[PDB]
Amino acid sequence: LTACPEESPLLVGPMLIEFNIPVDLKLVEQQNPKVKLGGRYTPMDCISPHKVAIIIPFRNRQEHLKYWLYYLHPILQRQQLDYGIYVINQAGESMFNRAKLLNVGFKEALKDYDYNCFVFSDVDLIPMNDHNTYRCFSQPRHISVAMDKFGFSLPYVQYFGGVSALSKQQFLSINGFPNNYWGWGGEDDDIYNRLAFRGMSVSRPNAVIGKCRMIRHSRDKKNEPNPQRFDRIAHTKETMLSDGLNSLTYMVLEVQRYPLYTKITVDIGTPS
């Protein structure tokens, strides 16, 4: 009945994150008995004020998800968050639309519980220090701040890709994310633009507690560099009014509830 402490006493700090030893979900499930059907966990000791929905954009990346789950579940519990895992699976073969799947995650998670915070994470990024809290702050939160891929440094100060968090209000205020970015790149630069045009800046853990590992992979098919990203990124100010939460359309083809997570398959259409 007690509010959880500002900082959790279960934090372990830096952790070794490797991807050699193959993972067994069933074992992971076993090691994580407190996680309920659909990837929902809520602290039984204290009351967390962080009602977090972790949203993962997805498509043929099951190996990655296994690892994601194995590492994050223990981590999110140590962070004492009231959370749910949501894998938004893009059905079909058209270009990958990261930002639109995240938008869907937001709408679809709100149907299950009244989450107040939203973490958007790619399947291939694992935090290497549990002090890098997966929650919302007074400002929009960029989490995967120092990825191994960029030599544990932030590639550019305007970077908002990888893992980030927005409270429900912060998200709503920018009309959520854009649905019009198909193919790789720029949607995160757009989101960043959106925040700025709404008077919000970006909060970030320092480079040491934000060390992040990214599971290596080959550039995915159907997610090639968007040739228009640069043009689109320059009109955020105007397009953000007509492209976002208020223009989201999709069809839910299937809601799967596994013990460690909830996976939704959706048809979000094609690059119109």
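One-based numbering along the sequence shown.
Taking the mean C-alpha B-factor of each stretch as recorded, 88-96 and 154-162 are not equal, and the higher mean is that of 88-96. Of the two segments examined, 12-20 and 254-262, it is 12-20 that shows the higher average Cα temperature factor in the deposited entry. Residues shown: 46, 207, 53, 56. Highest C-alpha temperature factor in the entry: 46. In the PDB entry, residue 247 places in the middle third of its chain by CA B-factor. Among the modelled residues of the chain, residue 218 sits in the highest third by CA temperature factor in this PDB entry. Remark: residue 203 belongs to the lowest third of its chain, ranked by C-alpha B-factor as recorded.
Among all modelled residues in its chain, residue 134 ranks in the lowest third by Cα B-factor.
Among the modelled residues of its chain, residue 106 has a C-alpha B-factor that falls in the middle third according to the deposited record.
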